[PDB]
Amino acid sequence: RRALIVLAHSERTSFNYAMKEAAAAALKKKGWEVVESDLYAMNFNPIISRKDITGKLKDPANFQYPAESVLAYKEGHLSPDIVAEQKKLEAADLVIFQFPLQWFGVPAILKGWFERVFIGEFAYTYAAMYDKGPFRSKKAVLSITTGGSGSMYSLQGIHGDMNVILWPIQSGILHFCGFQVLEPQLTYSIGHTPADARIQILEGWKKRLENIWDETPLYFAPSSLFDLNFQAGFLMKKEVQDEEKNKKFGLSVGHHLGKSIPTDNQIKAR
């Protein structure tokens, strides 16, 4: 029912802004309740600081952000801007991340949003890691625009596999917190695209969003395959290790196991 669009672009004149508006309008049309987070427009502070904890710190002499931020969440003393974003996430069923690819990742303003908003207990638990994480009932999507062509990001392109680039965001940030990660919306070489083709990209994104919730998510190795505790080193179960010995391919981009990475692990489902 509810969706949150997080946008990491400065210009209203950009294709990224167009893609945000396309999504918002498409979803609203299909009966969704759409909430935005235009990070630049919000003049969002992306830097984690002691200013994110409203009152007195627990140990001001040796400030440690994870410890202090959790305490601030639990005691209700987080910075109001963080709290507002946290309330937006709690509410949302679908979370869309609309951004241009910058230095083979998320723009610094989005990275800062994750660091400041995805606080301990709220977003993650060392116990409730990955598929067990807080956002297990939510679904996330990355809608990316790149300057480089798709062939550059193919297995034989100079930049190398796009699946490798996506892994730290999709597994490390999103899946880590519980999210079911849906296929990314990859819009390559947008600067080279003529006007009519751009108008089509938008129509395609809108038609996708008509049934985005019914889609099958990307594959990540289930937490059930690992002995989750410090004594075991959070390693794959010895039984799973044995079962996988006779298997031709790895499980995911990170769990490639020095075997082949299953084709488009981070780009495609099934």
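Position 1 is the first residue in the sequence shown; the rest follow in order.
Visitor: Got a sec? Mean C-alpha B-factor, which is higher, 222-230 or 32-40?
Guide: Going by the record's values, the stretch with the higher mean is 222-230.
Visitor: When the Cα temperature factors in the entry are averaged, is it 188-196 or 103-111 that ends up higher?
Guide: Mean B over CA atoms: larger for 188-196.
Visitor: Have a look at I144, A140, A128, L166 and flag the one whose Cα has the highest B-factor in the entry.
Guide: Highest CA B-factor of the listed options: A128.
Visitor: Among the chain's modelled residues, which third holds the C-alpha B-factor of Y73?
Guide: Ranked within chain, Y73 CA B lands in the highest tercile.
Visitor: What third of its chain, lowest, middle or highest, does the C-alpha temperature factor of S14 fall into?
Guide: Middle third.
Visitor: With respect to C-alpha B-factor, does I212 fall in the lowest, middle or highest third of the chain as deposited?
Guide: It belongs to the highest third of the chain when residues are ordered by C-alpha B-factor.
Visitor: Should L257 be placed in the lowest, middle or highest third of its chain by the C-alpha B factor in the entry?
Guide: CA B-factor rank for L257: lowest third.
Visitor: Taking the entry's C-alpha B-factors for this chain, is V95 in the lowest, middle or highest third?
Guide: It belongs to the lowest third of the chain when residues are ordered by C-alpha B-factor.
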